[PDB]
Amino acid sequence: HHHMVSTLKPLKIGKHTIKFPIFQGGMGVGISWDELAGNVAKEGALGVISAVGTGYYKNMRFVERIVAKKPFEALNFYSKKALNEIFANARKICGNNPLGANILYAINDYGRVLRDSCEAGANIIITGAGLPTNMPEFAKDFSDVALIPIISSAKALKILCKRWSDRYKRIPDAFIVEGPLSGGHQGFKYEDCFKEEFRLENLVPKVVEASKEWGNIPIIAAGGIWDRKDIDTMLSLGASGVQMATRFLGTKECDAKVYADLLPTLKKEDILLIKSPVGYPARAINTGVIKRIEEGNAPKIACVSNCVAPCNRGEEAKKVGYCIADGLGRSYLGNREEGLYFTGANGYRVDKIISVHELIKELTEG
Ligand SMILES: Cc1cc2nc3c(=O)[nH]c(=O)nc-3n(C[C@H](O)[C@H](O)[C@H](O)COP(=O)(O)O)c2cc1C
Ligand code: SF4
Ligand SMILES: [Cl-]
């Protein structure tokens, strides 16, 4: 099939080069695992395996202990064996094309999961949901692995570079700037999530300018980027690449097969900004456990997987009404009644489900 050769340039992040300056954003739980990330990387963009809740893989085939049908504790929720299998299966598809691992800073056992991801063969670690000031501590035995914090401000870039340099004589290999149209957790206070000051086109120049002090660390723009026109806009503002997730949530290869049923139906009015036990606002779909909370028949809360430090073993889950480990795991397992479902602001524009191959050609041709 004819597609004009791309005029986008390969992107180098630390020692690793991707053919197109595009990341498929990590998506937990079980949304961007081996089929999605492996195919993205095969097509020459960065495939990103989510390392969160890997115990759910293949309906908890790889955990050591199950309690109440949930992976027991962080040891089993972030399953090393499952993570190894996901990366191995991804490599069957993409070979030496680089892969990232996405790890929220908020998770319990963060350092162990970072090391597991390096040991599983990741080229790149991507971390948001916090200010990951000690990320090099856990990566120092794997100096080939590139490290990429997700930030929302020039301030955060400066703090991370200062503190990493002072303490590890290292600075990040790239930064992802995640704007307020992104799916999942926002890097903004709730009251700032619908404020034009923080729209991505305003953030990118400020972060790029701050990056000059440190040698023009590549800035990767994320949140609300839909097509090549939006990619070109971000590159013209000084970004070196983009990270996109909602478009990939709409592909056949997505590992959470429920989304191919749900997304073509998604109406804009059903896109919500909700509280989360992680402690950041989250963009979610008004369906599943969120509807059960409204009805009053949502699952009782009981911290089994101990997924994130901010929740304090159920304290915040009880306040917000749901357990994010249980809810996200249920969605990977196909549970429409009690799953938790995330989306970017653009999720309502997904009409048809296309292949990763077709998507990458659409975004890169010309
Ligand atoms: C369904 C879904 C799940 C997500 N889960 C994560 C996650 O686990 N970790 C993370 O850093 N970002 C997560 N995100 C954010 C994406 O990686 C990405 O940065 C953002 O959605 C990009 O905006 P776009 O969706 O408009 O392209 C998620 C996004 C979506 C849509
Ligand atoms: S109760 Fe809180 S810490 Fe425990 S598994 Fe649920 S969201 Fe995670
Ligand atoms: Cl998130």
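Residues numbered from 1 in each chain as written, not as in the entry; some residues may be left out. Chains lettered and ligands numbered in written order. Heavy atoms only, no water.

X-ray crystallography is the method the PDB entry lists for this structure, together with a resolution of 1.7000 Å.

1. Points about the sheet that holds strand β15 (residues 282-285)
Taken together, the 3 strands give an open sheet; going across it, the order is β11-β15-β14, and neighbouring strands pair in antiparallel fashion. The open sheet has two edge strands, β11 (184-185) and β14 (271-274), and neither has a second partner. Sheet topology note: the β11/β15 ladder contains 2 bridges and is antiparallel. By the bridge assignment, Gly184 is partnered in β15 with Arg283. (Pairing = 2+ DSSP bridges. Helix = DSSP H or I, 4+ residues; strand = E, 2+ residues; numbered from the N terminus.)

2. As for helix α9 (residues 228-236)
Counting along an α-helix, one turn takes 3.6 residues, and residues three or four places apart therefore face a common direction. What α9 keeps buried is the set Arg228, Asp230, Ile231 and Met234. Each buried residue of α9 sits inside an arc of 160° when the element is viewed along its axis, so together they form one side. Turned more than 90 degrees from where α9 packs its buried face, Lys229 and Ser236 sit exposed. If you follow the buried residues of α9, they end up packed against β3 (22-24), α8 (200-212), β12 (219-222), β13 (241-244) and α15 (356-364). Trailing α9 by a residue or two, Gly238 shows a phi angle of about 110°, which is positive. (Buried < 20%, exposed > 50% of the residue type's maximum accessible area, 1.4 Å probe, protein only. Arc of directions from axis to C-beta. Contact = heavy atoms within 4.5 Å.)

3. Considering the domain arrangement of the chain
Domain parsing of the chain yields domain 1 (11-256 + 352-364) and domain 2 (263-332). Measuring from the centre of the C-alpha atoms in domain 1 to the corresponding centre in domain 2 gives 21 Å. With 38 residues of domain 1 in contact, the opposing surface of domain 2 contributes 25 residues. For the domain 1 face of the interface with domain 2, the top three residues by lost area are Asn108, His185 and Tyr190, together amounting to 21%. (Domains from an automatic or database assignment. Buried area = accessible area lost by both parts, 1.4 Å probe.)

4. Things to note about the layout of surface pockets
There is about 310 Å³ of room inside the second largest pocket. Around the second largest pocket, the lining comprises 18 residues; the ones closest to its centre are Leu181, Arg199, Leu200, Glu201 and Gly223. Breaking the lining of the second largest pocket down by element, the ones donating at least two residues are α8 and α9. The greatest single-element share of the lining of the second largest pocket, amounting to 3 residues, is contributed by α9. For the lining of the second largest pocket, the residue count by class is 7 nonpolar, 4 polar and 7 charged. (1 Å grid on protein atoms, 1.4 Å probe; cavity = no way out; pocket = protein on both sides within 12 Å on 5 of 7 lines; lining within 4 Å. Points joined across faces, edges and corners; volume = space filled by probe spheres on them. Nonpolar A, V, L, I, M, F, W, Y, C, P; charged D, E, K, R; others polar.)

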